[PDB]
Amino acid sequence: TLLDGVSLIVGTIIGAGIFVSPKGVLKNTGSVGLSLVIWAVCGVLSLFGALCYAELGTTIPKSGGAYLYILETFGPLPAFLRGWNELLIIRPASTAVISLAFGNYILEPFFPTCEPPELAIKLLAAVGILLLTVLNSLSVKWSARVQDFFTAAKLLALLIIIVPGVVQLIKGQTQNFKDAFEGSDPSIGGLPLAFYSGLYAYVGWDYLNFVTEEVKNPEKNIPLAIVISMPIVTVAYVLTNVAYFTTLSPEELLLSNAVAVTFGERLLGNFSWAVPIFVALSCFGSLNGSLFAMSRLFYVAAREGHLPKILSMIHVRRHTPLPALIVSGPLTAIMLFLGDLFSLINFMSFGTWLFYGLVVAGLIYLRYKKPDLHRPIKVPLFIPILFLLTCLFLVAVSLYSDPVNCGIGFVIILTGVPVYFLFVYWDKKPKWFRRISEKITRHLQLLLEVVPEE
Amino acid sequence: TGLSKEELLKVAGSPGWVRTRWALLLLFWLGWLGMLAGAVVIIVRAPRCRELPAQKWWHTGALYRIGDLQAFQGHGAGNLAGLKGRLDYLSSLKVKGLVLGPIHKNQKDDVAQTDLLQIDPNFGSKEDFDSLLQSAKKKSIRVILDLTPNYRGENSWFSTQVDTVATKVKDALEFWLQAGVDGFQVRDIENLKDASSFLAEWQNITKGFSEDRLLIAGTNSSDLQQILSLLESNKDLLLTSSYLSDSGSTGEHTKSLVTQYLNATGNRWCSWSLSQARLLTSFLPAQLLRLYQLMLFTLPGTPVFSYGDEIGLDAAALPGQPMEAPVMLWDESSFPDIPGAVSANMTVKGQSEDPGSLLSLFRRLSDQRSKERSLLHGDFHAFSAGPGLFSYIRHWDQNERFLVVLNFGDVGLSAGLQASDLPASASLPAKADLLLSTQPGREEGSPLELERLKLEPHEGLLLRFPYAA
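Which chain is which? The protein sequence lines are B and A, in order.
For the first sequence, the authors' numbering begins at 45 and goes up steadily by one.
For the second sequence, the authors' numbering begins at 163 and goes up steadily by one.
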C-alpha cells in the first residue's frame with residue numbers, strides 16, 4: 045500500500061501557507077524564479093527529512109516513537125525539548141496561521157477593493173477554532189467525516205487555483221510573464237522564512253512517515269512512496285506557481301492578501317463560485333488535524349506518565365477526549381492573539397529546523413557510532429547531513445533576521461527542558477497538592493461525564 | 163492524584179456538577195456565539211476601501227507621437243522594420259502607446275485625391291502595417307493614427323472643404339479598423355468645420371467599433387473656453403494644445419494654467435501636452451524641459467509627448483533638421499544630418515547611461531507610474547507653495563499619498579511648502595520618500611523631512627507617503 049501511503053500524505057498534508065508563501069517568498073527574495081525554486085528546495089528538504097524518518101523508523105521501530113525513537117537515542121528529557129515544544133510551538137502556531145489565513149480569505153470577498161484590517165480574521169478565526177473543537181468533541185468519527193468533506197474540497201481547493209492556472213498556461217500567459225527570471229548570488233542572500241515557507245505549506249508528513257511504516261506495506265518501500273510523493277508536492281508547488289504567474293501577475297502577488305481571492309478576481313463569471321469556500325474547508329481540515337494532533341499528543345503525554353490523564357479522556361456522552369481538546373483551545377487562542385503570521389512562522393521555523401535537526405543528528409551519529417539503522421533505502425548520510433546543514437544555517441540567519449521572535453522561540457524551546465523536570469524529575473510534589481488535584485479533577489470529571497484513560 | 167476513578171465518580175455523579183456542566187455548556191457556546199456576533203458586527207461596522215476608480219488609456223501612463231518614419235527612426239531607411247525595433251525601445255520606455263503619423267495618402271492641398279483610408283506606399287503596405295500593429299499589440303503597445311488629410315501639403319485641412327474628407331474619416335475609421343488601429347489623432351481644429359461635432363460624431367462611431375478607439379483632440383488654439391466647448395460637444399477625446407504652451411517659462415502661472423485646465427476639464431478624461439504636436443524639446447531648453455517632462459507626467463491625466471521629446475531632440479537647435487521636420491537622433495549612428503556634432507546624450511545610449519537624462523528620467527517616471535496606481539488615478543490636490551514651486555498632494559483613489567515639489571528654474575529655493583493649505587484628506591506625513599528628482603544627486607529613496615526640505619536648481623521631487631488623510 046505504498047501509493048496509498050502517498051495519498052495519505054499528499055492528499056492530507058499540503059498548502060498550509062499556499063496563499064501566504066507567495067508573498068512569503070517574493071517579498072523575501074527578488075528574482076522571482078528562484079523563489080519558486082525555493083518551493084522546490086523546500087520539497088527537497090522534506091524528501092530528506094522523510095527519508096531520515098523512515099531510516100529512524102527502521103532503526104528503532106520499538107515504541108512507535110514518531111520522535112520517541114530519538115529519545116531512545118538522546119534520553120527522556122529531550123521529549124519536552126522536542127514534543128512538548130512542538131505542542132507549544134508548531135501545532136498552535138500553524139493552527140493559528142491557517143485559521144488566520146482562513147479569516148483573511150473570508151474577509152476579502154466582502155472587502156474586495158483592499159486588504160481588510162484586523163477584524164473577523166482573528167475573531168472569526170477563534171470562533172471557527174472553537175467550533176472545530178466542538179466538531180471534534182462530537183464523536184470523532186463525525187469530525188472525521190467532516191474532515192473527509194474538508195479533504196475532498198481541499199483537493200478541490202488546490203484545483204480551483206491550479207486548473208485556471210493551466211487554462212492561462214494554455215493561453216500562453218507563461219510567455220506573457222516570461223520576464224520572471226533566475227540567476228546566481230555569489231553573496232548568497234535571501235531570507236529563511238521564505239526558505240521555510242514551502243515546507244511550512246507541506247509539513248506533518250514527517251510523522252506520517254511512521255504511519256506509512258505502520259501501514260500495510262514493506263518498510264523498504266516506504267522510501268519509494270517518499271521519493272514518489274515529494275516531487276509530486278514540488279510539482280504541485282510549480283503548478284500553484286503557474287497559476288500565480290499565469291492568472292496572477294508578480295505584482296498582484298505583492299498585494300499582501302489572501303491571493304486566492306485576488307486570483308478569483310482574475311477569473312471570469314461569478315468567480316466567488318470559481319474560488320469558493322474550499323479554501324476555508326481546506327483550512328478546517330488541517331486545523332482539525334492539528335487539533336487532533338495536539339489532543340493525541342496530550343493523550344500520549346499522559347501515557348508517558350508526564351501528564352495527568354484527566355487531560356484526555358471521555359466525555360461518555362460523545363466518547364471523545366474533550367479535556368485534551370479543551371487544552372488545545374487556549375493553546376491556539378493565544379497564537380491567534382499574536383496574529384502575525386510570519387512571526388508565528390518564525391516560531392515554527394526554528395522548531396522544525398531544530399527538531400528535525402535532532403532526528404538527522406541522531407541518525408548521523410548512529411551511523412558513525414552504533415550503526416545498523418536498517419536503511420529501507422540505499423542512501424548515504426548526505427541526506428540527513430545536507431538537510432541538517434540547510435536547516436541550521438537557516439536557524440542562524442533567521443536568528444539574525446528577527447532576534448526578537450527568534451530569540452523568544454528558542455527560549456520557549458529551552459523551556460521545554462525544566463518543564464520536563466517539573467513533569468518528571470521534580471524535587472517533591474506536595475501530598476496536599478495530590479489530594480486537591482484528585483479532588484479538583486474529580487469535580488472536573490463529575491462535570492464531564494467520564495471514562496479515564498484506561 | 164491527577165485523575166479520579168470512574169467508579170468513584172459514579173458514587174457521586176450529582177446534578178451539582180452534571181447539570182452545572184450543562185449550564186456551563188450553555189454559557190460556553192453562548193460566549194462563542196457572542197464572539198461570533200462580534201466577528202460579524204465588527205465587519206459590518208468596518209468601512210470599505212474606496213471602490214479603485216480607474217480609466218484605461220485616459221488619465222494614465224503616457225503616449226508619444228510619430229510623424230515621419232525616417233525622422234522617428236533616426237533614419238535613413240524610414241522603414242517599418244526600424245519602427246518595429248523601436249517598438250521594443252518604446253516598451254523600454256514603458257509608454258502605453260504611440261501615435262502613428264499620417265501614413266495614409268495625404269495630399270498637396272488636395273481634398274479629393276486624399277485617401278484617409280488607402281496607405282501611402284512611401285511608408286509601406288497595409289499588410290506591413292498590420293504586422294506592425296500586431297507586433298505592437300504583442301509588445302503591449304497601443305496605436306493611434308494621426309488623420310491629417312493634407313499632411314503632405316501645406317494646410318493639413320486643405321484650407322478648404324473638409325466634408326469630403328469628413329466622410330473619408332468615417333470610412334478610414336473602418337479601413338484602419340481592419341488594419342488594427344484603436345484610435346486616430348486629430349490636429350488643428352481651427353481649420354475645421356465644427357470639429358467638435360465631427361469629433362462627437364466620429365468618436366461615437368469609433369465607440370461603436372470599441373469603447374475605446376481613441377481620437378486625439380489636439381489644437382493650436384489657446385482658448386481654454388473654446389477648448390471647453392469642444393469638450394462640451396465631446397468629452398471623450400484626448401487633448402493636446404497650445405493653451406498648455408501658455409505656461410511659457412513661468413512657474414506659478416503654469417501652476418494656475420494647470421488648475422484652469424482642470425477646472426474646465428472638471429471630472430472629464432485628462433491629458434497633457436504644451437503643444438498640439440510640437441517637440442517640447444524644441445519649444446523650451448533642458449532646465450525647464452526636464453521639469454515639464456516630470457511635471458506634465460505627474461499631472462492628473464495621460465501625458466502625451468512627441469517622439470524626440472524623451473531624447474531632448476531640440477531639432478530647432480540641430481543643423482541638418484528643422485523643428486518642422488526633425489530627426490530622432492537616438493543612435494550614435496543616427497547622426498548623418500549632423501555627423502559628430504551631437505553626443506550620446508542625445509542618443510538613447512548615452513541617455514541610458516545618464517540617469518537624469520530625459521530618457522532615463524522618463525523611464526524611471528513611467529516605471530513608477532506602472533506601479534503607482536495613484537499616479538495613474540488620484541486627486542493631485544493643489545498644494546500651494548512659494549514662487550516657482552509646483553506642488554500637489556496625490557490622493558490615491560484608495561489609500562496612499564504622494565507629494566509633488568518642483569523647483570522651477572535653476573534657483574536654490576527652500577521647501578516653501580504651505581502644509582497649512584491642506585484639508586484632512588490631504589493631510590500629509592513629513593517623511594517624503596523621494597521617488598524622483600530632476601537634480602539626481604538628491605537622495606532618491608530617502609524619507610526627506612518636508613519641514614527641513616531644501617530645494618535645488620531645476621529640482622523636481624516626486625515624493626511618497628502613507629495616506630495621512
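Backbone N, C-alpha and C fix where the C-beta goes; we use that ideal spot for every residue, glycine too.
Report the start-end ranges of each beta strand (DSSP E) in the stretch 503 to 558 of chain A that is 3 residues or longer and not cut off at the edges. 540 to 544, 551 to 558
Got a sec, what are the start and stop residues for the alpha helix (DSSP H) residue 394(A) sits in? Taking the second sequence and counting its residues from 1, one reaches residue 394(A) at position 232. Counting along the chain, the alpha helix (DSSP H) containing residue 394(A) begins and ends at 386 to 395.
Limits of the alpha helix (DSSP H) - the one that residue 403(A) falls within: For this step, residue 403(A) is matched to residue 241 along the second sequence. Looking at the DSSP string, residue 403(A) is not in any alpha helix (DSSP H); the run it does join, the beta strand (DSSP E), is 400 to 403.
Which residues share a DSSP beta bridge with residue 611(A)? Your numbering for residue 611(A) matches position 449 in the second sequence. Partner(s): 593(A).
Name, please, each residue of chain A whose Cβ falls closer than 7 angstroms to the Cβ of residue 170(B). The residue labelled residue 170(B) in the question sits at position 126 within the first sequence. Those within 7 angstroms of residue 170(B) in chain A are 197.
Run through the DSSP bridge pairs and tell me what residue 621(A) is partnered with. Working through the second sequence from its first residue, we reach residue 621(A) at position 459. According to DSSP, residue 621(A) bridges with 569(A).
Assuming residue 245(A) contacts residue 231(A) under a Cβ cut-off of 8 angstroms, what Cβ separation, rounded to an integer in Å, is found between them? Numbered from its first residue, the second sequence carries residue 245(A) at position 83. Numbered from its first residue, the second sequence carries residue 231(A) at position 69. Residue 245(A) to residue 231(A), Cβ: 6 angstroms. Contact.
Using only CA atoms, which one of 354(A), 575(A), 588(A), 335(A) lies nearest to residue 370(A)? If you number the second sequence from 1, residue 370(A) lands on position 208. With distances taken between Cα atoms, residue 370(A) lies closest to 335(A).
For residue 484(A), name the three-state secondary structure that DSSP assigns. Against the second sequence, residue 484(A) aligns to sequence position 322. If DSSP states are grouped into helix, strand and coil, residue 484(A) belongs with coil.
Let me confirm a value: residue 381(A) is counted as buried when at least 16 other C-beta atoms fall within 10 Å, else exposed. Which label applies? Here the question's residue 381(A) lines up with position 219 in the second sequence. Burial call: buried.
Does the separation of the CB atoms of residue 58(B) and residue 248(B) fall below 7 angstroms? Translated into positions along the first sequence, residue 58(B) becomes position 14. Translated into positions along the first sequence, residue 248(B) becomes position 204. Against a cut-off of 7 angstroms, the Cβ pair of residue 248(B) and residue 58(B) comes out as no contact.
Is residue 314(A) near residue 270(A), with beta carbons less than 7 angstroms apart? Start at 1 with the first residue of the second sequence, and residue 314(A) comes out as number 152. Start at 1 with the first residue of the second sequence, and residue 270(A) comes out as number 108. Cβ atoms of residue 314(A) and residue 270(A): closer than 7 angstroms.
Would you mind giving the Cβ-Cβ distance between residue 619(A) and residue 573(A), rounded to the nearest angstrom? I have them listed as a contact below 8 angstroms. Residue mapping note: residue 619(A) aligns to position 457 of the second sequence, counting from 1. Residue mapping note: residue 573(A) aligns to position 411 of the second sequence, counting from 1. Going by Cβ atoms, the distance from residue 619(A) to residue 573(A) rounds to 6 angstroms, so yes, they are a contact pair.
Roughly how many whole angstroms lie between the Cα atoms of residue 421(B) and residue 101(B)? Position 377 of the first sequence holds residue 421(B). Position 57 of the first sequence holds residue 101(B). Roughly 12 angstroms between the two C-alpha positions.
Within 7 angstroms of any Cβ in chain B, is that where the Cβ of residue 208(A) sits? Here residue 208(A) refers to the residue found at position 46 of the second sequence. Interface residue, yes.
Excluding sequence positions up to five away, which residues of its chain have a Cβ less than 7 angstroms from the Cβ of residue 300(B)? Counting from one through the first sequence, the residue named residue 300(B) turns up at place 256. Contacts found: 67, 159.
Which residues in chain B have a C-beta closer than 7 angstroms to the C-beta of residue 607(A)? List them in chain order. For the purposes of this step, residue 607(A) is taken as residue 445 along the second sequence, with counting starting at 1. Neighbours of residue 607(A) on chain B: none; closest Cβ ~16 angstroms, over 7 angstroms.
If we call anything under 7 angstroms between Cβ atoms a contact, is residue 226(B) one with residue 87(B)? Within the first sequence, residue 226(B) is the residue found at index 182, counting from 1. Within the first sequence, residue 87(B) is the residue found at index 43, counting from 1. Not a contact, by the Cβ cut-off of 7 angstroms.
The stretch 461 to 480 of chain B: positions lying closer than 9 angstroms to chain A by Cβ: 478, 479
Which residue comes first and which comes last in the beta strand (DSSP E) that contains residue 306(A)? Here residue 306(A) corresponds to residue number 144 of the second sequence, with the count starting at 1. From DSSP, the beta strand (DSSP E) with residue 306(A) extends over 304 to 307.
With DSSP run on the structure shown, which of helix, strand or coil describes residue 57(B)? Counting from one through the first sequence, the residue named residue 57(B) turns up at place 13. Three-state result, residue 57(B): coil.
According to DSSP, what are the bridge partners of residue 347(A)? By one-based count along the second sequence, residue 347(A) stands at place 185. Beta-bridge pairing links residue 347(A) to 378(A).
Let me see if you follow: with CB-CB separation under 7 angstroms, is residue 103(B) close to chain A or not? Position 59 of the first sequence, counting from 1, holds the residue named residue 103(B). For residue 103(B), the answer is no, since every Cβ of chain A falls outside 7 angstroms of its Cβ.
In or out: residue 184(A) buried (at least 16 other Cβ within 10 Å) or exposed? By one-based count along the second sequence, residue 184(A) stands at place 22. Per the 10 Å Cβ criterion, exposed.
When burial is assigned at 16 or more other CB atoms within 10 Å of the CB, is residue 414(B) buried or exposed? What you label residue 414(B) is simply residue 370 of the first sequence in a count that begins at 1. Exposed: under 16 other Cβ atoms inside 10 Å.
Name the two residues that bound the continuous beta strand (DSSP E) containing residue 259(A). By 1-based counting over the second sequence, the position of residue 259(A) is 97. Looking at the DSSP string, the run of the beta strand (DSSP E) that includes residue 259(A) is 259 to 262.
One question on the structure: do residue 70(B) and residue 283(B) come within less than 7 angstroms of each other, judged by their Cβ atoms? Stepping through the first sequence from its first residue, residue 70(B) is reached at position 26. Stepping through the first sequence from its first residue, residue 283(B) is reached at position 239. It is not a contact, given that the beta carbons lie outside the stated cut-off.
Can you check which of these residues, 223(B), 411(B), 472(B), 123(B), is closest to residue 293(B) by C-alpha distance? Locating residue 293(B) in the first sequence gives position 249, counting from the first residue. It is 223(B).
Does any C-beta atom of chain B lie closer than 7 angstroms to the C-beta of residue 296(A)? Reading the second sequence from its first residue, position 134 is the one you call residue 296(A). No - not a single Cβ of chain B is within 7 angstroms of the one on residue 296(A).
What's the C-alpha gap between residue 263(A) and residue 468(A)? Along the second sequence, read from residue 1 onward, the residue named residue 263(A) stands at position 101. Along the second sequence, read from residue 1 onward, the residue named residue 468(A) stands at position 306. About 11 angstroms.
Measure from the C-beta of residue 185(B) to each C-beta in chain A and report whether the shortest distance is under 7 angstroms. Reading the first sequence from its first residue, position 141 is the one you call residue 185(B). No, because no Cβ of chain A sits closer than 7 angstroms to the Cβ of residue 185(B).
For residue 117(B) versus residue 406(B), is the C-beta spacing smaller than 7 angstroms? By 1-based counting over the first sequence, the position of residue 117(B) is 73. By 1-based counting over the first sequence, the position of residue 406(B) is 362. Yes.
Check the DSSP bridge columns for residue 359(B) and list the partner residues they point to. Reading the first sequence from its first residue, position 315 is the one you call residue 359(B). 494(B), per the DSSP bridge assignment.
Hey, residue 134(B) and residue 245(B): beta-carbon distance below 7 angstroms or not? Translated into positions along the first sequence, residue 134(B) becomes position 90. Translated into positions along the first sequence, residue 245(B) becomes position 201. In this structure, residue 245(B) does not lie closer than 7 angstroms to residue 134(B) by Cβ.
Measure the alpha-carbon distance for residue 512(A) versus residue 312(A) and round it to whole angstroms. Here residue 512(A) refers to the residue found at position 350 when the second sequence is read from its first residue. Here residue 312(A) refers to the residue found at position 150 when the second sequence is read from its first residue. If I take the Cα positions, the gap works out to 37 angstroms.
Thinking C-alpha only, which one of 437(B), 470(B), 481(B) is nearest residue 232(B)? Numbered from its first residue, the first sequence carries residue 232(B) at position 188. Residue 437(B) is the option with its Cα nearest to residue 232(B).
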